[PDB]
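Participant: an experimental structure, sequence included, is below.
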Amino acid sequence: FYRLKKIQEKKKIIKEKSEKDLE
Amino acid sequence: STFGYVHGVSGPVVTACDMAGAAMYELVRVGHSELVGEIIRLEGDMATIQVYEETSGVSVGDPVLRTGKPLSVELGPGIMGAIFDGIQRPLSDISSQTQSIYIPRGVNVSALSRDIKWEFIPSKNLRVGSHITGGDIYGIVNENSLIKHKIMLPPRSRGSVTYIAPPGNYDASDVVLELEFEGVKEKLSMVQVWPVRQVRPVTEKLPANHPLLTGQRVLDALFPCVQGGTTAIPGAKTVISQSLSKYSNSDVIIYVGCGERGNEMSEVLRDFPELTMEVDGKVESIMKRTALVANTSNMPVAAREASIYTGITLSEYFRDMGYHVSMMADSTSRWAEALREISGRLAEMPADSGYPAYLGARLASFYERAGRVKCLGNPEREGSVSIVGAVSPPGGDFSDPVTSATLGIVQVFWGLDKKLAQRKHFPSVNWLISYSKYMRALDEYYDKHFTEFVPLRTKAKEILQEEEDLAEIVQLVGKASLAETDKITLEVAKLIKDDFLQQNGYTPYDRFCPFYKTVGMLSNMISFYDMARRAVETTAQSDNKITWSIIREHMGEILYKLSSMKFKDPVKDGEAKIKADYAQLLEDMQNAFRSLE
Amino acid sequence: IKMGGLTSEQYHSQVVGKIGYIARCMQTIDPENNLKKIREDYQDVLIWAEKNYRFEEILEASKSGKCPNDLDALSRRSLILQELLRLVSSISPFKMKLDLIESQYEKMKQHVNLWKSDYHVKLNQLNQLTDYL
Amino acid sequence: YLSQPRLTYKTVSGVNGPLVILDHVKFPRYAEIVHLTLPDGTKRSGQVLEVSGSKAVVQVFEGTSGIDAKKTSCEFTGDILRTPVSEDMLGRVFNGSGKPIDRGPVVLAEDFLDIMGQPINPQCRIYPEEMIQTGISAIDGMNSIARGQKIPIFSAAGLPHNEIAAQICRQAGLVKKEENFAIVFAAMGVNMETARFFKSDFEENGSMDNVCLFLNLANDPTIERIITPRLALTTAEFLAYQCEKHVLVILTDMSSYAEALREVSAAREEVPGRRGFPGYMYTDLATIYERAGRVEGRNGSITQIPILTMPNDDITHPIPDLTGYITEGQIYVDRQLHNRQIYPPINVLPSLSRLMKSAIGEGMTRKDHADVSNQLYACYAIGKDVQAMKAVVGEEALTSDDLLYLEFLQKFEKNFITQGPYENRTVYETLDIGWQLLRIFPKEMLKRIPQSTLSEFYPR
């Protein structure tokens, strides 16, 4: 559970950064 | 555009850009060496490509040439006896053209030879102007003495015939048929291309209702498979593979080494051309009616997945010809571990033991491609694919997720047990954990051809279950509580376990056992149980008891004869002789018991 | 490179150290310059120190294979000379005969693992008595 | 020839543990090698694990400590980690990265080889057949090894698996009726005691001229050990497939190897497989273990005997688990035998060898060998079951046959399994003790042996 919550957090951060880089 | 550019790489996963029009599951070549890959994500003009070959050396900005077809197999003459890489490349012809022991990364050898001449006979019903539809057999190719390769119109194609080749020799590039629909001409050679993840459609998924003899007495008596029988076995495999490959009723066989050990892969590849069967009153190599997909464990993760879908797609091709294909797979667990690795690299959420949650849906899309079918097109014929997918668990534990997903799908499961394998009981099948949901259907065949067998099958499993009850209590009580009928139950359970269920897979007397021998062996052992049980119980509260020991002493010759039944050679002792000998055992058995009644 | 866990520069630095050390022991057991059998068994290394070479010249000559450059050989050779020097210095109020020094040295060179011989144990006891007194 | 001059970048955007991340990089390759000049003037090598446009993620082999995000100069070779290789690598010792650690020079190449090898076409493989007498009764009798097999010595933590592998290296040879294995030894993360033990054994046995040692020790940087088994196998591919040598590869602890895969994968932020190991560890270990076996047109061959220490002795742990799916069975070294002083502590019951059924046979070995091994193995299994009952229901409750299986186990661990580190029983000599053990039971108990074989070999 903990490992997978961290993976999902890293993906959320990478999604946000990828959107911010298009602005 | 026709090609994009590599934007990034992470092991066998390549991200491309400038892929704007590409479909998911579209094939791609990546790198200047044209590594085979397939699209597994889309994001704007970017795409993620799974690569089937080692990606070391791939550079950012490399070409990403897309091909507007999904992962696919060439179907046509030259599959029988061929051996293939998991993306369908011929391992024989890669050797022959490369002249070296290594597979070249990016090798592009055509999956069916363009050079070998084939004898094609056009089907005599056809004429120019005749109507045709997918699965029509427009010619026979004499691919072998054993297998007549029925050339079929592809599914998703139909029309009016405009050209048909006369009888003769042709190449896999020769347009042997031309057809038209809606004013569109279409040209077809002796080869068709089919997507490996798309089911080949059928007229009717018929009920499975005729046995498929594995030759192992325990299986063919207590857990039988059927033509089209969706089946699994714990990997422990070689004897089942070879016995089915020699003696299965299935005209065509397929093997799928999904992640096979390189030496066990070589064992199969070296032995199979040398294995032979006596058929049509002649001796022939099983390789003349087999093909193999081989992927050693170090082949990249995607090739392990593709090996299953190519293997089943080959099986569905020979199914559509009306052949009762039998397919074996080396390990569905290795396939699931390939899905686990793909899922992890793709940043998906796994769900249990690190597997993707869609593992059950993946396995179902394999195992449900089995079954008897009424084929497409005009010659009415029934084919089948049986799937014997192996499932080795980490410690033999059947609660493992691959086994759990398999068990929700398969109709037959041959649970091999560590305790039996360790004590060298072969073929190591646990007769209290295994099951076959096909009994319901097969009882129609048995009641037509083998009326005694159903009673024997029920009494056998009963005797074997009462053995577990009696065997457990003996650990505490010893013999002291056992009734004389319980002794007769243990004696016959020992005969049935040691001389019927047990079978040596490597010795010619036991390599394969036909059904006439199988039913006759069991008929004798259970007829002994009934007559012995009667001999005891007839003396209940009588002045003298016929005990288990009095029986065992008088019946000693018959007991030795009963155990000896396994030694009859199915080659030199034909079914008539075996049935006659066993009929003498039944008469001897009855007369030996009559001395006590 | 990396020999015994030492970088190239550290390894040749240990070698030039042992080269100098052997010479300083030699000049301390033999300030009279008479222990010729001993000195001859070191003359191949001692030439680099009896002559006025600079430090880095010996190091460069070791990298170029002109000097001796086997630190394990120089270690066994150095042990023999040190354990001999320890004898000669432990007895210092009663300096022994030159022929006995060459005799002790020959026996020490003949021992397969001098460093775990009882000769070493006796020297440790002599140093205990000496340093105490 | 790669005559085009190398690029060098100071564009180190970050350093996460063993990973250095560069940017602005012109056309990086996946698996390219790079050389980092640090501020202290020292060189460290590394390999690119990810590329994304201008970004490249470098795994650093000699460790990252002292790297600086502005001063570090990182030189890109344009190529993957093609190591030099030659027959002169025999009689030498190398560090984990493939640089020499004996007194000698750099390897003068006969060729440069990709350490990932290349997939050997299954059609051109030759199935391994000729039985190698290890000299150890458990590995020659109850199990077997064949030339070209890949059978690992699994162990409990702290047990004498090194001594077993050294005994195999001293004693291994073909069955009697130029025959010398060139051993390639790959230490990953071993303690100095283990390193000295093997290095001295190869020197003391006089064989050193015909063996190649790669040493990565427990004080060396973690990442090197990722390359160490691949170098060993690349040398084994060269020696066996190009120079016709019969080669035996020993890999000293695939768990200490897998710990390096875990360290790098955690720094990469990757999805973990079960127990935190990488989900790709099956494929990765397969690119190590599958480099074995005979091949078409060569006389040479590669046997492997990996070694693998189970964490907490767990037989289901990902390292032994994924290994057992890939390797041709396993030999298991057991706490329960070692506490009883039984050397070698090889438990025959959990040990398996996939080649047993074909490596053993008439004319290949003594014809009875396969049957004798099958019966002895089942007798030991029944022996363990009655040995449990001996406590659980009391010894006095055992039958005469159960007491014979108990006596069999007591004699078998002493006379059959215990060898001593310099005894070298032939396979035929092993089988004699095998029958002396089977003779404990009455003839009718030997149910797995044919009556013809019993009548020829039981009354002896």
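Facilitator: The structure has been received and is ready for your questions. Numbers count the residues shown, from 1 in each chain, chains lettered A, B, ... in the order given.
Participant: gap between the two ends of stretch D:174-188?
Facilitator: Across stretch D:174-188, the straight-line distance between its terminal residues is 28 Å, by C-alpha to C-alpha, to the nearest Å.
Participant: what's the burial count for residue B:453?
Facilitator: Number of residues near residue B:453 (other C-beta atoms under 10 Å in any protein chain shown) recorded here: 21. Just so you know, the C-beta spots here come from the backbone N, C-alpha and C atoms, and that holds for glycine as well.
Participant: enumerate the residues of the stretch 101-250 of chain B near chain D.
Facilitator: Counting by C-beta under 8 Å from any C-beta of the partner chain, the positions of the stretch 101-250 of chain B adjacent to chain D are B:101-103, B:105, B:238.
Participant: among these, name the ones in helices.
Facilitator: Per DSSP state H, helices hold the following members of those: residue B:238.
Participant: most neighbours among the residues of the stretch 101-250 of chain B next to chain D, please name it.
Facilitator: Among these, residue B:103 has the most neighbours (other C-beta under 10 Å), with 23 neighbours.
Participant: let me see the contact set for residue 4.
Facilitator: Reading this off chain A. Counting by C-beta atoms under 8 Å, 6 or more residues apart in numbering or on different chains, residue A:4 touches B:349-350.
Participant: chain B is the one I meant
Facilitator: Contacts of residue B:4 by C-beta under 8 Å, 6+ apart are B:16-19, B:22, B:45, B:47, B:64, B:66.
Participant: surely residue B:526 meets residue B:495?
Facilitator: No: using C-beta atoms under 8 Å, residue B:526 is not in contact with residue B:495, being 9.6 Å away.
Participant: how near is the nearest residue to residue B:570 once chain neighbours are set aside to chain A?
Facilitator: Take residue B:570 and drop its neighbours on the chain: the residue closest to it by C-beta to C-beta, 6 or more residues apart in numbering or on different chains is residue B:514, 5.4 Å away. The spacing between residue B:514 and chain A, counted by C-beta to the nearest C-beta, to the nearest Å, is 54 Å.
Participant: need phi/psi at residue B:514.
Facilitator: Main-chain dihedrals, residue B:514, degrees, to the nearest 10: phi -70, psi 160.
Participant: same question for residue D:426.
Facilitator: phi -60, psi 160.
Participant: dump the residue contacts of the closest residue to it other than its chain neighbours.
Facilitator: With C-beta to C-beta, 6+ apart as the criterion, residue D:426 has its nearest non-adjacent residue at 6.2 Å, and that residue is residue D:133. Residue D:133 makes contact with D:140, D:171-175, D:426-427, according to C-beta under 8 Å, 6+ apart.
Participant: in what helix or strand does the residue in chain B positioned nearest to chain C lie?
Facilitator: Closest residue of chain B to chain C, C-beta to the nearest C-beta: residue B:56 (27.7 Å). Residue B:56 belongs to no helix or strand when assigned by DSSP states H and E.
Participant: got phi/psi on the residue of the stretch 201-350 of chain D at minimum distance from chain B?
Facilitator: Residue of the stretch 201-350 of chain D nearest chain B, by C-beta to the nearest C-beta: residue D:279 (3.1 Å). Torsion angles at residue D:279 (phi, psi; degrees, to the nearest 10) stand at phi -60, psi -30.
Participant: quick one: residues contacting the nearest residue in space to it that is not next to it in sequence.
Facilitator: Of all residues not flanking residue D:279 in the chain, residue B:344 sits nearest, at 3.1 Å (C-beta to C-beta, 6+ apart). Neighbour list for residue B:344: B:350, B:354, D:270-273, D:278-280 [criterion: C-beta under 8 Å, 6+ apart].
Participant: past the strand or helix carrying residue B:344, which element shows up next along the chain?
Facilitator: According to DSSP H and E, residue B:344 maps onto helix B:332-345. On the C-terminal side of helix B:332-345, the closest following helix or strand by DSSP H and E is strand B:350-352.
Participant: chain center to that next one, what's the gap?
Facilitator: 28 Å (C-alpha atoms, centre = their mean, to the nearest Å).
Participant: need the contact partners of that strand.
Facilitator: Here strand B:350-352 has contacts from A:4, B:340, B:343-344, B:356-357, B:401, D:271, using C-beta under 8 Å, 6+ apart.
Participant: distance of residue B:220 from residue B:427?
Facilitator: 11 Å (C-beta to C-beta, to the nearest Å).
Participant: of these two, which one has the most company?
Facilitator: The neighbour comparison of residue B:220 against residue B:427 (other C-beta under 10 Å) goes to residue B:427, with 25 against 20.
Participant: which phi and psi does the closest residue to chain A within chain C have?
Facilitator: Chain C approaches chain A most closely through residue C:5 (37.3 Å), counting by C-beta to the nearest C-beta. Dihedral pair for residue C:5: phi 90, psi 10, per degrees, to the nearest 10.
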